[PDB]
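**Q** no sequence for this one, just the structure:
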């Protein structure tokens, strides 16, 4: 039993394997906004849009 | 007066009278006004929409 337990000990005393985990977050924002306000105002003859 | 873009220029004439023109009306047939500055300013702002 001593010897068998020794073998189990050999199996158990194994280095735990570390891994480097690299998770990367990428955010991309593209924004194009165009606004045109066209104005025609005359109070001389009261025509104004 | 309108309703979608309501307009009742009778009160606008009141505002013009506040501006300072001479309005005289002794009967429904007879009326007359002079020195009215209400149309160019009152119409322009009121009708800006």
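**A** Received the coordinates, thanks. Numbering: from 1, shown residues only, chains lettered A, B, ... in the order given.

**Q** For residue 6, grab phi and psi.
**A** Unless you meant another one, I'm taking chain A. Backbone torsions of residue A:6, given as degrees, to the nearest 10, read phi -60, psi -40.

**Q** How many neighbouring residues does the residue nearest to residue B:33 when sequence neighbours are not counted have?
**A** Spatial nearest neighbour of residue B:33, chain neighbours left out: residue B:23 (3.8 Å); criterion: CB to CB, 6 or more residues apart in numbering or on different chains. C-beta here means a position set from N, CA and C on the backbone, and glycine is covered the same way. Residues lying near residue B:23 (other CB atoms under 10 Å in any protein chain shown) number 14.

**Q** wait, residue B:23 sits on residue B:30?
**A** No - with contact defined as CB atoms under 8 Å, residue B:23 does not count as touching residue B:30 (11.7 Å).

**Q** rewinding a little: any figure for the gap between the residue nearest to residue B:33 and residue A:33?
**A** 50 Å (CB to CB, to the nearest Å).

**Q** returning to that earlier point: so is the residue nearest to residue B:33 in a helix, a strand, or just coil?
**A** Assigned by DSSP: H, G, I helix; E, B strand; the rest coil, the conformation of residue B:23 is strand.

**Q** Contact partners for it?
**A** Counting by CB atoms under 8 Å, 6 or more residues apart in numbering or on different chains, residue B:23 touches B:13, B:17, B:31, B:32, B:33, B:36.
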